[PDB]
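Residue numbers (the numbering used here), protein chains in the order written: chain Y, 132 to 186; chain A, 958 to 2165; chain L, 345 to 612; chain P, 261 to 358.
Pasting the structure below:
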């Protein structure tokens, strides 16, 4: 593709920590850290914030 | 090069139909959750409005209550706007969630709106996925509520509601057509200057909708005043707008700030990424704005600016022309009158495009169990019903009593108690059976007779339903719950039912105001719709034990009182998808059910809209009544009015006749079982497709009753045919109005069309098995079965298989048992008659052994191989075919000849190689044993007379399938390789060992060997051809029977000696384990219980050393492993070992076979199964018929033949 | 200038905590709908199994009754594989529905799986949205249960259980560390040559985890016999894999057709 | 709605269970629950009810109670500003067939 980094997103993958650096080591060493993911949830509409009446 | 524009409508469009449709949708999950959460936001926002408004706002619980008021036009502007937004957003979500349409993007689409479409379009334009749009949908709903409230408020302040409005909210807008908008503004200015009205309420040009049309809005009174001065060629109408919008002189920035102030401030509000095209504003296309900013701009457009629909088309076209596309495909949603949009927008830019509505990817087939609707909203199914209604102690007797038409008023009960209020009584109520229910002969009186009747009816209903405990997931022991509804008759009523039947699950004794049984049924269906259980046993009850001429006259002249009636019912309910998969006898289905403890008229409409049916679809109604004239009169009039529309001009609108009926007159009123009795009547009417004659004309016919029958509501008292509509379906109501209220309505249904899976059963013979828990009960059951056969002697050709399936695989088999086998119902009848005569002659019936029988299997040698071995078995049974295919798979990969063709074709056996013969023998034995085990035949010992021994090792678990196959194949290959054919042979004679040795020349071990000591009177010898012929000549000289065996390679002789070391080598690889069961090894000729005796030397020992049966069986009987009672079942191509074992233990022992050259394999199979069944084995029957769908249909057989006794 | 790779795990990764957490979830419509529908298809496909396999499968109403058995280890492969796939699909759906993460796109993403997830990779690799993936997810669950059933059956045919079974299922795979892949394969070749075993019972290499670690699978008793030969510094561990997979000498295209048969043909 | 349920021994507890079930269904927004056990006929007849931490006694020491509770979904009660005293996070049961 022409990219110079990969972000691992393992799902239920046993021993997934080592995977990250292992792939990165085969690409140009320009893995910018940038370990940030803004995920502040938008406030919920009044009333609907409560979890559906189920349970 | 196509662009698709999503367009949202305005308040002009009526969304009542769309809202109802969405409320009906249940398959999708996102739509359901959005529509569930939306009312919460509506209620929360409505609960913060001014007092004047909150006073007048509707008083609702869910969204279903808003559509009828919306239809009536009695909804205030706030809720109207909110409902419009909810409908628009829900319709959009559904088309993209369950409709599987690509979510729009910024390269090939745009969104637009007019009045409320701005809000929804802004909400849509930010999220890029359905999931990312729900919270924005809720925010838009709240903003719409606030906007509607503010506009309604400003309008109310500006002008007051009229006295004559009569609930409805007047209209504030009117469409004007016939003059250009500029001239309209000129005329409005002139009129205002002439009249000098207040500058804050002068009429204003709300919008422009073309070169010769527009819209004008104002307060209703001044608006009407202005419209009156419009001449004839200036046609005008009224639109359903209930507040002023687009009024620059009424609203200011403060208003838009207030309405949009509900959105909390933040910085991650999704941006607007897909260009939203707005035409009223100066800048056509707007994009890149945050969410609150775009929402505020949309509200400003709605409240401050005059909509200009004249621009819409050219604005869209210019957006397209600037993007490079050529044609625009509209996808209007809730946009009134949208057909004209397409041609108008395409006219300006050059046109193209051809329709592509043919999908041919209509949908992807769903995985089994996925297409089903959520566990809620699942049509419940009625499997069976049983009752003991008065003067008719059965269901069919009750149907006769009802169709004929007869009162049941009785002066005194037959034998209840002394004489000296009259009513209908159960003629046989003190009759019950104690032995069948493991109760003492003197404890029956202490048990409430209502409890005994409920037990009896429940057992009969379960037996008729074809439901046996813990046979299938849906009918598991834990997933069944009784829901009996008791009454004030005077805990254990459901408790005993659950206890004795061994059912474990919820148990209840519900008791409400008046719907004592129907409330229990309702909540049982609720539990089924929730999953607390997968099967229910509901039922009412009524018994009198301690202390109005017409029998509770039915809304006629004299109906002041009512007659208490006795009855008892039990139903069997189950979710339709569950029941249909188990092939049960479905009778009807409960579409919906509702309750109201208040009102009268609106409940039926609510239920019908919930079920999505029109009024005329219903065809019959039932009543419950209490005994008061007002009650029945109100019942009838309300039901008819709500179900029989009257034409405005006056005529019969309800096309099909709507018959009415009530069980009250026929048998009376139970006050607790009335609902279940009425439901039973509905079931009988559905089954017999015949509306019964009505009774109640005595002394009066209530034509005076308002709205009795004026337009297709006939109650004709002469049973009318009620045919099932072709590819249609009947529908019925059941109202249970009571004096205290509690008006419950549930809609019944005709069962879906029965499946057509004929697949004619090919089995040549069948088995019919009966059971009972008492000798008298047994003879009664036999007589009932025989009588059923005679009345059903000539139904069709495909009845016997279904009869067998019902009487074996869908019934609990008690300890007293009888069985008959044959080819046709005539043979079954003859056998049953013979058994009945034998039984009544004087010989009693004794229960089979308590635990069960013990089987000692047997595996034969390779001396019974014939062409087409078990070909039919491989052809029918799926398990056998799969096993053979697997064994072939293992053979081919292990470098051994394939054996599948030996069964598929039956012709390759002609010249099969000896190795292939040995292999196919072993695999046939193995598969057949696995199959017999699958039918509940668990062995207690085994024996292998010859090569078949290897299969016996697996039978005992000593080897694995692969290990045994490898060992046999390797032995065969080595035998074929090392030596050559035509070198030795074998010979069998019948004589005593001493006779053979005396009459033979040469000591044993030199010119002949005792290959197998088959029995005390039979022996087989082998060796060289010259020695064999010499022995034959010597023995025949003394008149001894002799014969040559055709086996080419003489095993158990000196022929196998040279290859013993390789056999030991290969044997050392297979894993040897401790037997599950004792193994009778002729090789060592003794019992084996430890793996130590099966060391690798064992296989070589057996291969070389001579067989020995007499010693082996002698040891077997010596320990006690075999006796005169164990059943002898043979597993092989013929009955060979069975005779040897019989002569060993004795002739009295029972014996059987599984395969034979001539006799039909199913002949032997069914005979053996019948004998085992009589012996007491708990043979599973479900798997037997699993592979024959044609014979998979439960039948309606005679009820259990109880041995009734009287108590109390 | 960045790509995200989605990777799914095999049966080694325990899925008892994830399944329970997903069962706890109540604020996401898609997740609850999928978790309610999955048991239905599980029971449906589980009802088509052979008599013996069905006899040894626990009765349940929903997944909440399965996790205790999974933890205890007395859960047969047929439903173990389906439960694992269910856990993976549910975790992904929750991540991409309540996590408000854009669905992976071919422009800047790619997917991978190992031994269970190759099934899930195609399911995730086809749909473009969470809603469009639920039916494919259920189809994949059916495929996984059928595959697990077939593998369990072949294993049972090869060898049976033990008298001390006590419900628990023996393991069929073991990871070996401290030996090169080719050298270990040569060692197995020498071992089989020394003995005389049927071509359907010799140990074989299932995976080559790397130049320093590898995995080998065989029948339980055969596996232990071979492990007894492996000395130090070689270290051996017993993975919780219950059936023989990755065996090019036990399965052929016919089994592949049999497993795939649950998908009806169509052009959609 | 009104009901008078009684299964075998946990009539009041089953009634509460079903009241919470209905509340979770949305059928009602409030519920009054709680059974009664007041005797009517004395029918007093051995001379023992229940020993201190033991089972040597034969009687059960039956008593009387007329307790009654109110019930609301927690979000509603919170939005209405009522004296919330406790909560019922979850409820489950079986029948113990064995």
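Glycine is no exception: its CB is placed at the ideal position from the N, C-alpha and C atoms.
>> Please tell me whether residue 1470 of chain A has its Cβ less than 8 Å away from any Cβ of chain P.
In response: Translated into positions along the second chain, residue 1470 of chain A becomes position 513. Closer than 8 Å to some Cβ of chain P, the Cβ of residue 1470 of chain A qualifies, so yes.
- Message: Taking the alpha helix (DSSP H) that residue 1415 of chain A belongs to, which residues open and close that run?
- Response: Taking the first residue of the second chain as 1, we reach residue 1415 of chain A at position 458. Run containing residue 1415 of chain A: 1406-1421, per the alpha helix (DSSP H) assignment.
query: Which of the residues in the segment 1315-1327 of chain A, read from start to end, lie with their CB under 9 Å from any CB of chain L?
result: Correct list: 1316, 1317, 1318, 1319, 1320, 1321, 1322, 1323, 1324, 1325, 1326 and 1327.
### Query
Interface residues of chain Y around residue 348 of chain L at Cβ under 9 Å?
Along the third chain, read from residue 1 onward, the residue named residue 348 of chain L stands at position 4. Per Cβ cutoff of 9 Å: 137, 138, 139 and 140.
Since residue 1903 of chain A and residue 2064 of chain A are thought to touch, with beta carbons under 8 Å apart, how far apart are those beta carbons, to the nearest angstrom? As a first step, residue 1903 of chain A must be located in the second chain, where it is residue number 946. As a first step, residue 2064 of chain A must be located in the second chain, where it is residue number 1107. The pair is a contact, with the Cβ atoms about 7 Å apart (cut-off 8 Å).
*For residue 1440 of chain A, the first and last residue of its enclosing beta strand (DSSP E)*: Against the second chain, residue 1440 of chain A aligns to sequence position 483. Residues 1438-1442.
- Query: Since residue 1897 of chain A is in the beta strand (DSSP E), which residue starts that stretch and which ends it?
  - Reply: Counted from its first residue, the second chain places residue 1897 of chain A at position 940. From DSSP, the beta strand (DSSP E) with residue 1897 of chain A extends over 1896-1900.
Task: First and last residue of the uninterrupted beta strand (DSSP E) at residue 291 of chain P - done: Working through the fourth chain from its first residue, we reach residue 291 of chain P at position 31. Segment 291-293, the beta strand (DSSP E) holding residue 291 of chain P.
Discussion item. Using a Cβ-Cβ distance cut-off of 8 Å, determine whether residue 2230 of chain A contacts chain L.
Written reply: Outside the displayed range of chain A (958 to 2165) lies residue 2230 of chain A, so it cannot be described from this structure.
Quiz prompt | Per-residue contacts from residue 444 of chain L into chain A (C-beta, under 7 Å) | solution = Locating residue 444 of chain L in the third chain gives position 100, where the first residue counts as 1. Near residue 444 of chain L (Cβ distances below 7 Å), the residues of chain A are 1089.
DSSP three-state assignment for residue 2016 of chain A, whether helix, strand or coil:
The residue labelled residue 2016 of chain A in the question sits at position 1059 within the second chain. Helix.
Margin query: Does the CB of residue 132 of chain Y have a neighbour CB from chain L at under 8 Å?
Written below: Stepping through the first chain from its first residue, residue 132 of chain Y is reached at position 1. It does; some Cβ of chain L falls within 8 Å.
Near residue 1979 of chain A, what residues of its chain come up, given a Cβ to Cβ distance below 6 Å and the 5 sequence neighbours on each side ignored?
The sequence position of residue 1979 of chain A within the second chain is 1022, counting from 1. Once the five neighbours on either side are set aside, the close Cβ partners of residue 1979 of chain A are 1943, 1968, 2007 and 2010.
- Are there 16 or more other CB atoms within 10 angstroms of the CB of residue 1374 of chain A, so buried, or fewer, so exposed? Walking along the second chain from the start, residue 1374 of chain A turns up at place 417. So residue 1374 of chain A counts as exposed.
Query raised in the report: Relative to the C-alpha of residue 1430 of chain A, which residue among A/1907, A/1953, A/1125 and A/1538 is closest?
Result: Counting from 1 along the second chain, the entry for residue 1430 of chain A is found at position 473. Closest by alpha carbon: A/1538.
Between residue 367 of chain L and chain A, is any beta-carbon pair separated by less than 8 Å? For this step, residue 367 of chain L is matched to residue 23 along the third chain. Judged by the 8 Å Cβ criterion, residue 367 of chain L is not in contact with chain A.
Look at the alpha carbon of residue 361 of chain L and the alpha carbon of residue 985 of chain A, and state the distance between them as a whole number of angstroms. Position 17 of the third chain, counted from the first residue, corresponds to residue 361 of chain L. Position 28 of the second chain, counted from the first residue, corresponds to residue 985 of chain A. Between residue 361 of chain L and residue 985 of chain A, the alpha-carbon positions lie close to 28 Å from each other.
Run of the alpha helix (DSSP H) containing residue 1269 of chain A, from where it starts to where it stops:
Taking the first residue of the second chain as 1, we reach residue 1269 of chain A at position 312. That run of the alpha helix (DSSP H) goes 1266-1278.
- prompt: Taking DSSP as the reference, what is the three-state secondary structure of residue 1707 of chain A?
  reply: Taking the second chain and counting its residues from 1, the one referred to as residue 1707 of chain A is at position 750. Looking at residue 1707 of chain A - three-state DSSP - the assignment turns out to be strand.
Thinking residue 2206 of chain A and residue 1668 of chain A are a contact (beta carbons under 8 Å), I'd like their distance in whole angstroms, please. An answer regarding residue 2206 of chain A cannot be provided, because it is not within the stretch 958 to 2165 covered by chain A.
*Between which two residues does the alpha helix (DSSP H) harbouring residue 2088 of chain A extend?*
Start at 1 with the first residue of the second chain, and residue 2088 of chain A comes out as number 1131. From DSSP, residue 2088 of chain A is part of no alpha helix (DSSP H); its letter is neither H nor E.
Note to self: For residue 542 of chain L, tell me which candidate among A/1927, A/2150, A/2019 and A/1161 has the shortest Cα-Cα distance.
What the structure shows: Stepping through the third chain from its first residue, residue 542 of chain L is reached at position 198. Comparing Cα-Cα distances from residue 542 of chain L to each of A/1927, A/2150, A/2019 and A/1161, the minimum goes to A/1927.
Report task. Between the Cα of residue 1622 of chain A and those of A/1515, A/1935 and A/1705, spot the shortest distance and give me the residue it belongs to. Result -> Here residue 1622 of chain A corresponds to residue number 665 of the second chain, with the count starting at 1. Here the closest residue by C-alpha is A/1515.
Item to complete: Scan the segment 1725-1797 of chain A and note each continuous alpha helix (DSSP H) run of 4 residues or more that stays entirely inside, going in chain order.
Response: 1732-1748, 1757-1766 and 1782-1797
Note to self: Once the 5 residues before and after residue 1196 of chain A are set aside, which same chain residues still bring their CB inside 7 Å of it?
What the structure shows: Residue numbering aside, residue 1196 of chain A sits at position 239 when the second chain is read from its first letter. Within the same chain, residue 1196 of chain A has close Cβ partners 969, 1128, 1130, 1131 and 1132.
* Asked: Taking three-plus beta-carbon pairs below 8 Å as touching, is the segment 1051-1058 of chain A in contact with the segment 416-429 of chain L?
  -> Touching, no.
- Query: Just to check, is the beta-carbon of residue 1108 of chain A closer than 7 Å to a non-hydrogen atom of the ligand FMN?
  - Reply: With respect to small molecules bound, the structure shown includes none, and the ligand FMN cannot be examined in it.
Using a threshold of 8 Å, state whether the C-beta atoms of residue 1192 of chain A and residue 1135 of chain A are closer than that. Locating residue 1192 of chain A in the second chain gives position 235, where the first residue counts as 1. Locating residue 1135 of chain A in the second chain gives position 178, where the first residue counts as 1. Yes, Cβ-Cβ distance for residue 1192 of chain A and residue 1135 of chain A is below 8 Å.
Open item on the list: Does any residue of chain L have a CB that is nearer than 8 Å to the CB of residue 158 of chain Y?
Closed with: The sequence position of residue 158 of chain Y within the first chain is 27, counting from 1. Residue 158 of chain Y does not count as touching chain L.
Hey, is residue 185 of chain Y's beta-carbon within less than 8 Å of any beta-carbon in chain P? Walking along the first chain from the start, residue 185 of chain Y turns up at place 54. Proximity of residue 185 of chain Y to chain P, defined by a Cβ-Cβ separation below 8 Å, is satisfied.
* Taking residue 971 of chain A as the reference, which of A/1151, A/1198 and A/1406 has the closest Cα? -> The residue you call residue 971 of chain A lines up with position 14 of the second chain. Answer by Cα proximity: A/1198.
Alpha carbons only, please: which of A/1240, A/1733, A/1946 and A/1859 is nearest the one belonging to residue 1970 of chain A? Here residue 1970 of chain A refers to the residue found at position 1013 of the second chain. Selected option, being the one with the closest Cα: A/1946.
query = Can you give the Cα-Cα distance for residue 1782 of chain A and residue 1727 of chain A, rounded to whole angstroms?
reply = Reading the second chain from its first residue, position 825 is the one you call residue 1782 of chain A. Reading the second chain from its first residue, position 770 is the one you call residue 1727 of chain A. Taking the straight line joining both Cα atoms gives about 15 Å.
Original post:
Among residues of its own chain, excluding the 5 on either side of residue 1468 of chain A, which ones have a beta-carbon nearer than 6 Å to its beta-carbon?
Top reply: Within the second chain, the letter at position 511 stands for residue 1468 of chain A. Cβ neighbours of residue 1468 of chain A beyond the five flanking positions: 1443.
| said: Give me the chain P residues within the contact set of residue 1461 of chain A, using Cβ-Cβ distance strictly less than 7 Å, ordered along the chain. | reply: Numbered from its first residue, the second chain carries residue 1461 of chain A at position 504. Under the 7 Å cutoff, chain P gives 355 and 357.
Nearest-angstrom Cα distance between residue 2060 of chain A and residue 1925 of chain A?
-> Stepping through the second chain from its first residue, residue 2060 of chain A is reached at position 1103. Stepping through the second chain from its first residue, residue 1925 of chain A is reached at position 968. Between residue 2060 of chain A and residue 1925 of chain A, the C-alpha separation is close to 11 Å.
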